[PDB]
Amino acid sequence: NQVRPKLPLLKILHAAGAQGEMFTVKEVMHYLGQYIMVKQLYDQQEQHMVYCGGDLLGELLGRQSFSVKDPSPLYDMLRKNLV
Ligand SMILES: CN(C)CCCN(C)[C@H]1CCN(C(=O)c2[nH]c3cc(Cl)ccc3c2-c2c(-c3ccccc3)ncn2Cc2ccc(Cl)cc2)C1
Ligand SMILES: CN(C)CCCN(C)[C@H]1CCN(C(=O)c2[nH]c3cc(Cl)ccc3c2-c2c(-c3ccccc3)ncn2Cc2ccc(Cl)cc2)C1
């Protein structure tokens, strides 16, 4: 059960060490979490909060920040970026 991430999401996964074009959603989500850490987008003082307005991840979410505790914007992003 592989999808192909569209370029902007693919760039993001590759930026977290992913290789290739095809992934399971499990992989996608794991690399996304790693990306947030690699790029230090989460707040060390509020570790469920991600400030992504200056990052490609924000453009994809269409949001400047989100909470991993209530991660609503993620779902549509994945629908739009996974073929
Ligand atoms: C600063 N630390 C607190 C981070 C702990 C990270 N941790 C060990 C890993 C284990 C597998 N994880 C994930 O699969 C995971 N994937 C993500 C993908 C996104 Cl877009 C957002 C959050 C997470 C995300 C994730 C996060 C998270 C939080 C801050 C920075 C990076 C990742 N925390 C919990 N999760 C699990 C999760 C998965 C999916 C959703 Cl929708 C929500 C939460 C997190
Ligand atoms: C706007 N268009 C560009 C949309 C075309 C979409 N389409 C034709 C169907 C075909 C069947 N699909 C799914 O089962 C599927 N649909 C979703 C819708 C959303 Cl908002 C989020 C994830 C998935 C989601 C999904 C997938 C996935 C991956 C690749 C291709 C299709 C679907 N993988 C996991 N999910 C669901 C999901 C929901 C929440 C979380 Cl936290 C993680 C995964 C997609």
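Residues numbered from 1 in each chain as written, not as in the entry; some residues may be left out. Chains lettered and ligands numbered in written order. Heavy atoms only, no water. Residues with missing side-chain atoms left out of burial classes, pairs and counts.

- As documented in the archive entry, the model was determined using X-ray crystallography at 1.50 Å resolution.

- Looking at the PDB entry, the protein carries the name Protein Mdm4, with the source organism given as Homo sapiens.
- What the PDB record gives as the title of this entry is "Structure of human MDMX protein in complex with a small molecule inhibitor".

1. Topic: the overall build of the protein
- Within the protein, the regular secondary structure consists of 4 helices and 3 strands.
- Over its C-alpha trace the protein gives a radius of gyration of 12 Å, about what one expects of a compact globule, namely 12 Å for 83 residues.
- Its C-alpha atoms give the protein principal-axis dimensions of roughly 35 × 25 × 20 Å.
- Expressed as a percentage of contacts within the protein between residues at least 6 apart in sequence, the contacts between residues at least 24 apart total 28%. (Helix = DSSP H or I, 4+ residues; strand = E, 2+ residues; numbered from the N terminus. Rg over C-alpha atoms; globule rule 2.2 N^0.38 Å. Contact = heavy atoms within 4.5 Å.)

2. A look at the pattern of salt bridges
- For the structure on display, the rule yields 2 salt bridges.
- For the salt bridge of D55 with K39, the shortest nitrogen-to-oxygen distance reads 2.8 Å. Taken as a pair, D55 in the loop between β2 (46-51) and α3 (56-61) and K39 in the loop between α2 (25-38) and β1 (42-43) lie far apart in primary sequence, 16 residues in all.
- Accessibility expressed as a relative area gives 6% for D55, which makes it buried.
- Here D76 and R79 are joined by a salt bridge, their closest N and O atoms 2.3 Å apart. Remark: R79 and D76 occur in helix α4 (residues 73-81); sequence separation between them is 3 residues, near one turn of the helix.
- When its relative accessible area of 58% is taken as the criterion, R79 is described as exposed. (Salt bridge = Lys/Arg side-chain N within 4 Å of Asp/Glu carboxyl O. Buried < 20%, exposed > 50% of the residue type's maximum accessible area, 1.4 Å probe, protein only.)

3. Details of the packing of aromatic side chains
- Per the stated rule, a full pass over the model turns up 1 aromatic pair.
- With a centroid separation of 6.2 Å and an interplanar angle of 75°, the aromatic rings of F23 and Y31 are classed as edge-to-face. (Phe/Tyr/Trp six-rings, centres within 6.5 Å; stacked < 30°, edge-to-face > 60°.)

4. Remarks on the packing of α2 against α4
- Running from N to C, α2 and α4 cross one another at 125°; their axes reach a closest spacing of 13 Å. Overall, the two elements α2 and α4 adopt an arrangement that is oblique. Considering how the two elements wind past one another, α2 and α4 form a crossing that is right-handed. Across the interface between the two elements, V28, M29 and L32 of α2 pack against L74, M77 and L78 of α4.
- When the residues that make up the contact of α2 with α4 are grouped by side-chain class, the tally is 6 nonpolar, no polar and no charged. (Axes fitted to C-alpha atoms, helices over the stretch in contact; angles between N-to-C directions. Parallel < 35°, antiparallel > 145°, perpendicular 65-115°, else oblique. Left-handed = near helix turned anticlockwise from the far one by under 90°. Nonpolar A, V, L, I, M, F, W, Y, C, P; charged D, E, K, R; others polar.)

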